[PDB]
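Asks: Encoded as structure tokens, here's the structure I'll be asking about.
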Amino acid sequence: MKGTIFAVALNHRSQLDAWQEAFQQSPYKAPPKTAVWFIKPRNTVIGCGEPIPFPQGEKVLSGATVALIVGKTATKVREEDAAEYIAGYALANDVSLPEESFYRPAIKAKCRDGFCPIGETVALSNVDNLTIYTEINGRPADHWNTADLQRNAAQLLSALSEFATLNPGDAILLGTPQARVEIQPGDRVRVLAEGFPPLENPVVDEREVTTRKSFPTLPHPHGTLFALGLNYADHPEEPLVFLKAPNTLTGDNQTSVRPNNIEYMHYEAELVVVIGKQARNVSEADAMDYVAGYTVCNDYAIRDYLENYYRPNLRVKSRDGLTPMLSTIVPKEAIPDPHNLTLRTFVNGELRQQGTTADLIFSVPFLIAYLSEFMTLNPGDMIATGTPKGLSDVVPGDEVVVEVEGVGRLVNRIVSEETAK
Ligand SMILES: [Ca+2]
């Protein structure tokens with residue numbers, strides 16, 4: 001819609017069945033214990049009648065589904081009370097490149113422009129035993145049923161909101177089956193279900209699609225939050241990128257909660273790049289013209305909650321208030337070389353982490369070129385560029401300060417669940 005669009009992967013029993021043997025082996029080792037989440041960021045989100053831009057060369061699959069739409073702030077929603085937090089339901093389309101791997105986040109596959117049609121919210125009581133239909137050029141092409149999903153809408157809302165607060169207007173896509181249908185330029189793709197107005201979108205060669213969807217600017221932070229995995233040589237083939245939901249963000253001198261009964265929660269000091277101008281298919285050579293400037297984040301992780309499905313997964317990386325971020329942006333013109341800046345972390349005044357952006361594996365221009373090659377970057381989007389070596393455990397009472405030379409100083413305080421409540 002206009003809120004964050006969350007989605008669940010591996011929720012349809014047909015896919016769990018199909019992947020059973022693979023999930024016993026590297027790199028998965030074991031089947032998912034918890035829900036496997038992803039996000040369809042704002043560049044993806046379109047309404048009925050808007051085109052799905054088709055990337056030349058690629059195979060693209062429709063992903064008819066339905067989404068629950070949150071009607072009031074949802075934090076630790078109890079399963080039995082879910083309906084009272086759900087405004088209704090909307091037909092949606094998880095448009096995607098093939099789901100060939102579930103190990104690393106599927107950003108190229110799923111976060112392309114216009115890859116998330118979503119329709120009208122309808123006030124139904126439930127979506128139990130609902131057949132979701134796909135038609136292509138007005139011919140029946142696919143159907144599946146929500147009774148075959150592992151977690152129902154109630155259970156998904158409860159499971160996600162247990163650690164990630166949802167705001168009114170946010171959505172959760174309930175899932176998709178193993179078997180999907182292919183779309184191609186010229187196709188008209190229609191999603192249908194009893195009780196809903198059909199959702200229809202044309203698929204168009206991307207070369208033909210006019211200007212990209214723009215958004216109103218709002219005070220930083222506001223935008224897609226991209227984050228890098230391993231990005232310091234401290235002494236891979238392509239970047240590991242994942243997205244962070246906006247409710248993870250908190251300001252300066254706030255608190256971040258350490259879960260009860262875990263072994264390891266660590267800070268991560270990072271240079272954050274903020275986009276200043278809409279960017280698509282930007283070369284490394286002009287990438288810097290699209291940067292507004294720089295800020296700092298503390299990209300916390302709960303190492304205990306890591307799994308090998310879309311890793312690092314949302315239960316580790318999108319927890320409420322576990323991403324301190326400064327509200328100030330230093331303009332790029334104040335920083336002559338962002339690839340020559342010191343990063344440090346202090347805990348209670350003890351220096352625990354130090355490195356330099358000279359050790360970035362993937363440079364700021366590389367990253368901008370890499371992402372804009374397959375999706376539109378918009379003003380206010382953020383790129384958390386990774387963290388050097390020097391991680392350690394932090395516990396309630398601890399004051400954690402991260403600092404990037406010339407960019408800013410960011411304070412945070414760890415607290416217990418008991419203190420925060
Ligand atoms: Ca990180």
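Ordering of the structure tokens sets the chain letters (A, B, ...); residue numbers start at 1 within each chain; ligands are numbered from 1 in the order shown.
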Any residue with an atom at most 10 Å from ligand 1 counts, using only C-alpha atoms and all ligand atoms. Which are they? Put them as a list in words.

Replies: residues 226, 227, 228, 229, 230, 231, 241, 242, 267, 268, 269, 270, 297, 298, 299, 300, 301, 312, 317, 323, 384, 385, 386, 387 and 388 of chain A

Asks: Go ahead and dump the residues you just picked, C-alpha atoms, as an mmCIF file, in the first residue's frame.

Replies:
```cif
data_model
loop_
_atom_site.group_PDB
_atom_site.id
_atom_site.type_symbol
_atom_site.label_atom_id
_atom_site.label_comp_id
_atom_site.auth_asym_id
_atom_site.auth_seq_id
_atom_site.Cartn_x
_atom_site.Cartn_y
_atom_site.Cartn_z
ATOM 1 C CA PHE A 226 19.734 -1.638 2.662
ATOM 2 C CA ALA A 227 22.469 -3.397 4.671
ATOM 3 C CA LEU A 228 25.657 -5.194 3.671
ATOM 4 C CA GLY A 229 26.905 -8.488 5.025
ATOM 5 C CA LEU A 230 30.644 -9.122 4.981
ATOM 6 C CA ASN A 231 32.143 -5.964 3.559
ATOM 7 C CA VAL A 241 22.574 -7.317 0.676
ATOM 8 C CA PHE A 242 19.560 -7.545 2.908
ATOM 9 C CA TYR A 267 26.956 -3.986 18.135
ATOM 10 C CA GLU A 268 28.136 -3.253 14.585
ATOM 11 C CA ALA A 269 29.501 0.235 13.788
ATOM 12 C CA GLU A 270 28.756 1.306 10.233
ATOM 13 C CA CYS A 297 24.180 3.349 12.538
ATOM 14 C CA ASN A 298 24.740 0.626 15.131
ATOM 15 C CA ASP A 299 23.522 -2.548 13.332
ATOM 16 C CA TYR A 300 22.893 -4.845 16.322
ATOM 17 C CA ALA A 301 22.629 -8.654 15.925
ATOM 18 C CA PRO A 312 20.689 -12.904 8.182
ATOM 19 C CA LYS A 317 18.157 -7.847 12.038
ATOM 20 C CA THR A 323 19.226 -0.148 14.958
ATOM 21 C CA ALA A 384 24.582 0.463 5.734
ATOM 22 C CA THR A 385 28.017 -0.449 4.277
ATOM 23 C CA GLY A 386 29.071 -3.086 6.772
ATOM 24 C CA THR A 387 31.314 -3.408 9.783
ATOM 25 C CA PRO A 388 34.971 -4.152 10.564
#
```

Asks: Taking 2 positions as the minimum chain separation for residues in the same chain, which residues sit within 8 Å of range 129-139 of chain A when counting only C-alpha atoms? Answer as a list in words.

Replies: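 Result of the neighbour search: residues 64, 65, 66, 127, 141, 142, 143, 144, 145, 146, 147, 183, 187, 188, 189, 190, 191, 192, 193 and 194 of chain A.
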
Asks: Restrict the selected residues to N, CA and C atoms and save them as a PDB file, in the first residue's frame.

Replies:
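Wrote it out as out_31.pdb, contents follow:
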```
ATOM      1  N   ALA A  64       0.689 -14.925  -7.319  1.00  0.00           N
ATOM      2  CA  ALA A  64      -0.608 -14.625  -6.696  1.00  0.00           C
ATOM      3  C   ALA A  64      -0.680 -15.084  -5.245  1.00  0.00           C
ATOM      4  N   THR A  65      -1.158 -14.193  -4.402  1.00  0.00           N
ATOM      5  CA  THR A  65      -1.268 -14.445  -2.990  1.00  0.00           C
ATOM      6  C   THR A  65      -2.276 -13.469  -2.375  1.00  0.00           C
ATOM      7  N   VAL A  66      -2.437 -13.562  -1.061  1.00  0.00           N
ATOM      8  CA  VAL A  66      -3.250 -12.531  -0.367  1.00  0.00           C
ATOM      9  C   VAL A  66      -2.442 -11.962   0.762  1.00  0.00           C
ATOM     10  N   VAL A 127      -9.449 -15.548   5.886  1.00  0.00           N
ATOM     11  CA  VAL A 127      -9.175 -16.041   4.546  1.00  0.00           C
ATOM     12  C   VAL A 127      -8.865 -17.552   4.621  1.00  0.00           C
ATOM     13  N   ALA A 141      -4.720 -20.033 -15.290  1.00  0.00           N
ATOM     14  CA  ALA A 141      -3.322 -20.488 -15.360  1.00  0.00           C
ATOM     15  C   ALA A 141      -2.850 -21.187 -14.085  1.00  0.00           C
ATOM     16  N   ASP A 142      -3.445 -20.822 -12.951  1.00  0.00           N
ATOM     17  CA  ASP A 142      -3.052 -21.377 -11.679  1.00  0.00           C
ATOM     18  C   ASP A 142      -4.149 -21.162 -10.634  1.00  0.00           C
ATOM     19  N   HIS A 143      -4.196 -22.095  -9.696  1.00  0.00           N
ATOM     20  CA  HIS A 143      -4.942 -21.948  -8.460  1.00  0.00           C
ATOM     21  C   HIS A 143      -4.275 -22.708  -7.304  1.00  0.00           C
ATOM     22  N   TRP A 144      -4.389 -22.153  -6.100  1.00  0.00           N
ATOM     23  CA  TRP A 144      -3.946 -22.831  -4.909  1.00  0.00           C
ATOM     24  C   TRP A 144      -4.808 -22.380  -3.753  1.00  0.00           C
ATOM     25  N   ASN A 145      -4.651 -23.009  -2.594  1.00  0.00           N
ATOM     26  CA  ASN A 145      -5.540 -22.806  -1.460  1.00  0.00           C
ATOM     27  C   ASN A 145      -4.800 -22.520  -0.167  1.00  0.00           C
ATOM     28  N   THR A 146      -5.236 -21.474   0.530  1.00  0.00           N
ATOM     29  CA  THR A 146      -4.630 -21.087   1.816  1.00  0.00           C
ATOM     30  C   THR A 146      -4.680 -22.167   2.923  1.00  0.00           C
ATOM     31  N   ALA A 147      -5.547 -23.168   2.793  1.00  0.00           N
ATOM     32  CA  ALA A 147      -5.562 -24.254   3.745  1.00  0.00           C
ATOM     33  C   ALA A 147      -4.281 -25.042   3.684  1.00  0.00           C
ATOM     34  N   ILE A 183       5.360 -15.336 -16.551  1.00  0.00           N
ATOM     35  CA  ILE A 183       4.861 -14.211 -17.322  1.00  0.00           C
ATOM     36  C   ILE A 183       5.934 -13.655 -18.255  1.00  0.00           C
ATOM     37  N   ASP A 187       1.841  -9.819 -21.575  1.00  0.00           N
ATOM     38  CA  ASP A 187       0.883 -10.592 -20.799  1.00  0.00           C
ATOM     39  C   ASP A 187       0.100  -9.644 -19.927  1.00  0.00           C
ATOM     40  N   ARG A 188      -1.141 -10.024 -19.676  1.00  0.00           N
ATOM     41  CA  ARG A 188      -1.995  -9.376 -18.688  1.00  0.00           C
ATOM     42  C   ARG A 188      -2.176 -10.412 -17.572  1.00  0.00           C
ATOM     43  N   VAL A 189      -1.756 -10.086 -16.345  1.00  0.00           N
ATOM     44  CA  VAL A 189      -1.810 -11.035 -15.235  1.00  0.00           C
ATOM     45  C   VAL A 189      -2.844 -10.617 -14.218  1.00  0.00           C
ATOM     46  N   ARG A 190      -3.788 -11.501 -13.925  1.00  0.00           N
ATOM     47  CA  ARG A 190      -4.949 -11.178 -13.110  1.00  0.00           C
ATOM     48  C   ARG A 190      -4.995 -12.128 -11.912  1.00  0.00           C
ATOM     49  N   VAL A 191      -5.108 -11.561 -10.713  1.00  0.00           N
ATOM     50  CA  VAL A 191      -5.338 -12.332  -9.493  1.00  0.00           C
ATOM     51  C   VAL A 191      -6.798 -12.205  -9.083  1.00  0.00           C
ATOM     52  N   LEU A 192      -7.391 -13.337  -8.672  1.00  0.00           N
ATOM     53  CA  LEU A 192      -8.789 -13.453  -8.362  1.00  0.00           C
ATOM     54  C   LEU A 192      -9.027 -14.300  -7.145  1.00  0.00           C
ATOM     55  N   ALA A 193      -9.997 -13.867  -6.343  1.00  0.00           N
ATOM     56  CA  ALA A 193     -10.507 -14.724  -5.277  1.00  0.00           C
ATOM     57  C   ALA A 193     -11.879 -14.311  -4.826  1.00  0.00           C
ATOM     58  N   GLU A 194     -12.622 -15.302  -4.340  1.00  0.00           N
ATOM     59  CA  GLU A 194     -13.986 -15.079  -3.878  1.00  0.00           C
ATOM     60  C   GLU A 194     -13.956 -14.002  -2.790  1.00  0.00           C
TER      61      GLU A 194
END
```

Asks: Please report the interatomic distance between CA of residue 262 in chain A and CA of residue 304 in chain A in Å with one decimal.

Replies: 6.3 Å

Asks: Can you tell me, as JSON, numbers by chain, which residues in range 68-122 of chain A count as alpha helix (DSSP H) by DSSP?

Replies: {"A": [107, 108, 109, 110]}

Asks: Just the selected residues (N, CA and C atoms), exported as a compact mmCIF listing (two decimals), in the first residue's frame, please.

Replies:
```
# COMPACT_ATOMS: atom_id res chain seq x y z
N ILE A 107 17.15 -10.69 -3.10
CA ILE A 107 16.93 -9.28 -3.40
C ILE A 107 16.79 -9.06 -4.88
N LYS A 108 17.70 -9.57 -5.69
CA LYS A 108 17.49 -9.50 -7.15
C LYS A 108 16.20 -10.15 -7.62
N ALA A 109 15.77 -11.20 -6.94
CA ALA A 109 14.66 -11.98 -7.42
C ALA A 109 13.36 -11.31 -7.15
N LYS A 110 13.30 -10.57 -6.04
CA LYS A 110 12.03 -10.14 -5.46
C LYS A 110 11.86 -8.66 -5.29
```

Asks: Contacts of range 367-370 of chain A at 9 Å or less, counting only C-alpha atoms, minus same-chain residues fewer than 4 places along, as a PyMOL selection string?

Replies: chain A and resi 239+275+279-288+290-291+362-363+374+377+383+385

Asks: Put those residues in a file: N, CA, C and O atoms, as a compact mmCIF listing (two decimals), in the first residue's frame.

Replies:
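For reference, again_26.txt as written:
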```
# COMPACT_ATOMS: atom_id res chain seq x y z
N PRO A 239 28.20 -8.70 -3.62
CA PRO A 239 27.74 -8.23 -2.31
C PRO A 239 26.56 -9.00 -1.75
O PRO A 239 25.64 -9.42 -2.47
N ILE A 275 20.96 8.31 -0.04
CA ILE A 275 20.71 8.64 -1.42
C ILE A 275 20.00 10.00 -1.45
O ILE A 275 19.07 10.23 -0.66
N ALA A 279 17.78 7.15 -8.59
CA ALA A 279 18.84 6.52 -9.31
C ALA A 279 18.45 5.18 -9.92
O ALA A 279 18.01 4.27 -9.23
N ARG A 280 18.65 5.05 -11.22
CA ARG A 280 18.45 3.78 -11.92
C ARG A 280 19.51 3.62 -13.00
O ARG A 280 19.76 4.53 -13.76
N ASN A 281 20.16 2.45 -13.04
CA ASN A 281 21.20 2.15 -14.02
C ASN A 281 22.32 3.21 -14.03
O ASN A 281 22.72 3.74 -15.10
N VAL A 282 22.81 3.49 -12.83
CA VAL A 282 23.88 4.45 -12.63
C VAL A 282 25.23 3.72 -12.68
O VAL A 282 25.40 2.63 -12.14
N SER A 283 26.16 4.31 -13.42
CA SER A 283 27.49 3.80 -13.47
C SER A 283 28.27 4.09 -12.17
O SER A 283 27.98 5.05 -11.43
N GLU A 284 29.27 3.26 -11.89
CA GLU A 284 30.18 3.56 -10.81
C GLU A 284 30.74 4.99 -10.95
O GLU A 284 30.83 5.72 -9.97
N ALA A 285 31.07 5.40 -12.17
CA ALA A 285 31.70 6.72 -12.39
C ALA A 285 30.78 7.89 -11.97
O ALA A 285 31.26 8.84 -11.41
N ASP A 286 29.47 7.82 -12.22
CA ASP A 286 28.61 8.90 -11.70
C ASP A 286 27.81 8.57 -10.42
O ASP A 286 26.94 9.33 -10.02
N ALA A 287 28.14 7.47 -9.73
CA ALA A 287 27.34 7.08 -8.56
C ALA A 287 27.28 8.17 -7.53
O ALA A 287 26.26 8.34 -6.86
N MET A 288 28.41 8.83 -7.28
CA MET A 288 28.47 9.83 -6.23
C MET A 288 27.56 11.05 -6.42
O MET A 288 27.22 11.71 -5.45
N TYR A 290 24.52 10.94 -6.90
CA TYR A 290 23.23 10.52 -6.34
C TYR A 290 23.27 10.38 -4.83
O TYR A 290 22.27 10.04 -4.21
N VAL A 291 24.42 10.69 -4.21
CA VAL A 291 24.55 10.64 -2.77
C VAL A 291 24.30 11.98 -2.16
O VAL A 291 24.92 12.96 -2.59
N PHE A 362 33.52 -3.82 -1.13
CA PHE A 362 32.67 -3.15 -2.12
C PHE A 362 32.49 -1.66 -1.76
O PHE A 362 31.99 -1.28 -0.70
N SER A 363 33.00 -0.82 -2.65
CA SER A 363 33.02 0.62 -2.46
C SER A 363 31.62 1.22 -2.54
O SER A 363 30.70 0.61 -3.02
N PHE A 374 19.50 -3.11 -10.86
CA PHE A 374 18.31 -3.93 -10.84
C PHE A 374 17.10 -3.36 -10.08
O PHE A 374 16.03 -3.98 -10.14
N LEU A 377 16.70 3.27 -6.77
CA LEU A 377 17.00 3.90 -5.50
C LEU A 377 16.29 5.28 -5.47
O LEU A 377 16.25 5.97 -6.50
N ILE A 383 22.28 3.17 2.79
CA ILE A 383 23.02 1.96 2.60
C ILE A 383 23.94 1.87 3.76
O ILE A 383 24.82 2.71 3.91
N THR A 385 26.94 0.10 5.11
CA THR A 385 28.02 -0.45 4.28
C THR A 385 28.87 -1.56 4.90
O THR A 385 29.82 -2.09 4.26
```

Asks: I'd like the neighbourhood of residue 34 in chain A as a list in words, where a residue qualifies if any of its atoms comes within 10 Å (using only C-alpha atoms), though same-chain residues fewer than 6 positions away should be ignored.

Replies: residues 159, 305, 307, 309 and 315 of chain A

Asks: Put those residues in a file: N, CA, C and O atoms, as a JSON list (two decimals), in the first residue's frame.

Replies:
```
[["chain", "number", "residue", "atom", "x", "y", "z"],
["A", 159, "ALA", "N", 3.53, -14.20, 14.95],
["A", 159, "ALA", "CA", 4.92, -14.53, 14.84],
["A", 159, "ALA", "C", 5.84, -13.37, 14.45],
["A", 159, "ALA", "O", 6.96, -13.25, 14.99],
["A", 305, "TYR", "N", 19.72, -16.15, 17.14],
["A", 305, "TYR", "CA", 18.57, -16.30, 16.31],
["A", 305, "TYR", "C", 18.86, -16.45, 14.83],
["A", 305, "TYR", "O", 17.93, -16.61, 14.03],
["A", 307, "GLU", "N", 19.51, -18.22, 11.41],
["A", 307, "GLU", "CA", 19.27, -19.49, 10.71],
["A", 307, "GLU", "C", 19.77, -19.42, 9.27],
["A", 307, "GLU", "O", 20.21, -18.40, 8.80],
["A", 309, "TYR", "N", 18.15, -19.48, 6.39],
["A", 309, "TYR", "CA", 17.09, -19.17, 5.45],
["A", 309, "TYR", "C", 16.98, -17.66, 5.34],
["A", 309, "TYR", "O", 16.77, -16.96, 6.35],
["A", 315, "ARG", "N", 14.41, -11.90, 12.32],
["A", 315, "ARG", "CA", 14.40, -12.02, 13.76],
["A", 315, "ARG", "C", 15.74, -11.61, 14.40],
["A", 315, "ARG", "O", 15.82, -11.37, 15.58]]
```

Asks: Using only C-alpha atoms, pick whichever of A:123, A:111, A:83, A:233 has the shortest atom-to-atom distance to residue 5 in chain A.

Replies: A:111

Asks: Write out as number ranges by chain the residues lying within 7 Å of residue 223 in chain A, counting only C-alpha atoms and excluding same-chain residues fewer than 3 positions away.

Replies: A: 380-382

Asks: When distances are computed from only C-alpha atoms, which of A:361, A:16, A:173, A:164 shows the smallest separation from residue 238 in chain A?

Replies: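 Distance minimum relative to residue 238 in chain A lands on A:361.
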
Asks: From the list A:392, A:255, A:318, A:101, which residue is nearest residue 353 in chain A when using only C-alpha atoms?

Replies: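 For residue 353 in chain A, the nearest of the candidates is A:392.
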
Asks: Which of these residues is nearest to residue 210 in chain A, using only C-alpha atoms: A:53, A:41, A:47, A:198?

Replies: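 For residue 210 in chain A, the nearest of the given residues is A:53.
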
Asks: Taking into account only C-alpha atoms, which residue in the set A:407, A:321, A:373, A:82 is nearest to residue 420 in chain A?

Replies: A:321

Asks: Which of these, A:355, A:406, A:379, A:185, has the shortest distance to residue 218 in chain A once you count only C-alpha atoms?

Replies: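 That would be A:379, the residue with the smallest distance to residue 218 in chain A.
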
Asks: DSSP on the backbone, then: every residue of range 280-309 of chain A marked strand (DSSP E or B), written as a PyMOL selection string.

Replies: chain A and resi 291-298+301-302

Asks: Take CA of residue 302 in chain A and CA of residue 393 in chain A and report the distance between them in Å, one decimal.

Replies: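 We find that CA of residue 302 in chain A and CA of residue 393 in chain A lie 9.6 Å from each other.
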
Asks: What does the distance between CA of residue 48 in chain A and CA of residue 197 in chain A come to in Å, to one decimal place?

Replies: 10.0 Å
